[PDB]
Structures are given as C-alpha cells and as structure tokens.
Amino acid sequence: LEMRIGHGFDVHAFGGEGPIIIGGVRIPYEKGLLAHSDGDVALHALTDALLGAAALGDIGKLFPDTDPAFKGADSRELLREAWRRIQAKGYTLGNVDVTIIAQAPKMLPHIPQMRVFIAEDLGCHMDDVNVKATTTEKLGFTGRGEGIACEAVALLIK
C-alpha cells in the first residue's frame, strides 16, 4: 500500500452577470467569474491536487487552454477525465480536502451539494470528500471582492 499526496491552487476574477459555479453548484451572486471554462475554481484546484499526486502535472499540462481535444468543457468533465487517467495509472482515492477562499457569496449552504457532485465524479463515498470555506476578513484581492481563490489537497492509494 503506497500513498501519494497532491496540492492544488486556483484563482478567478469576478466579472459579468452572475451566477457562479463553485464545486459544480450554481450559486447566485451579483457578479460572475471571468474564465475560459465555467470558472469553477474549487474543481480546478481539486483536479490539480489529484493530478499532482499522480505526478501528471496540472490541468494546463493535460488540457491546454490553447488546444486540442478538450475545449469548451465544464470543470466536472475535466475532473472526471483527469480521474480516468489517474485510475489508468492504477490509483484509487484516499481522500480529498478543499478550502474555498472568498469574501462572498456565502459557501456553506452549498457545500453538501458540492460533495454529492465530487463524490459522483470520482465515484467515491461522500465520506472521503471534504469542502470548507473561509474569508480573508476583507483583506486582499479576495477580501476586496475582486476574486475567489481555492486550495485543495488530495491523497491517492496504490
């Protein structure tokens, strides 16, 4: 039983009309998120943590914004595809932990649904998916309501 750790981080700036997509869930908000994809900060960061633990780089090394086969995809498709490739290397899920960093909107009413999505997408028990949120007390780009950041850690078994 060999175990492997992975870390992920992601940021998107606010812009345009709401809602926003975080952890798969459509959340109502005054602004939306500027992004090439659906801008799901929490799922990008989670994917990068998963891929990192499998030493497969990051999303931008598997699915280039520029090209070729994976354009106009929502972050759940990318998560599920990354997870196929991680399973292809003979890994199974240990567990994942996600930390959303945003002044607003309010995340925790939506966390149960984020966990349902992630557990479906990775085909695991909800009990192995943890998601949490925090503000930076009106400090920083995130606290000035300029954008949202997220951190993810993942553990994989072989």
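Numbers follow the displayed sequence, beginning with 1. In this text, the rigid core denotes the largest set of C-alpha atoms whose superposition between the two forms falls within 1.5 Å.
- Superposing each structure in 8 other deposited structures of this protein on the rigid core shows that the farther-lying of 66 to 74 and 28 to 36, by root-mean-square Cα distance, is 66 to 74.
- Relative to the shown model and aligned on the rigid core, the C-alphas in 8 other deposited structures of this protein deviate most, among 56 to 64 and 101 to 109, for 56 to 64.
- Stretches compared: 108 to 116, 63 to 71. Higher mean C-alpha B-factor in the entry: 63 to 71.
- Checked against the record, the higher mean CA B factor of 54 to 62 and 93 to 101 lies with 54 to 62.
- The entry lists a Cα temperature factor for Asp48 that places it in the lowest third of the chain's modelled residues.
- Sorting the modelled residues of the chain by their CA temperature factor places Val41 in the middle third.
- In this PDB entry, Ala133 carries a Cα temperature factor that places it within the lowest third of its chain's modelled residues.
- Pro19: CA B factor lies in the middle third for its chain, per the PDB record.
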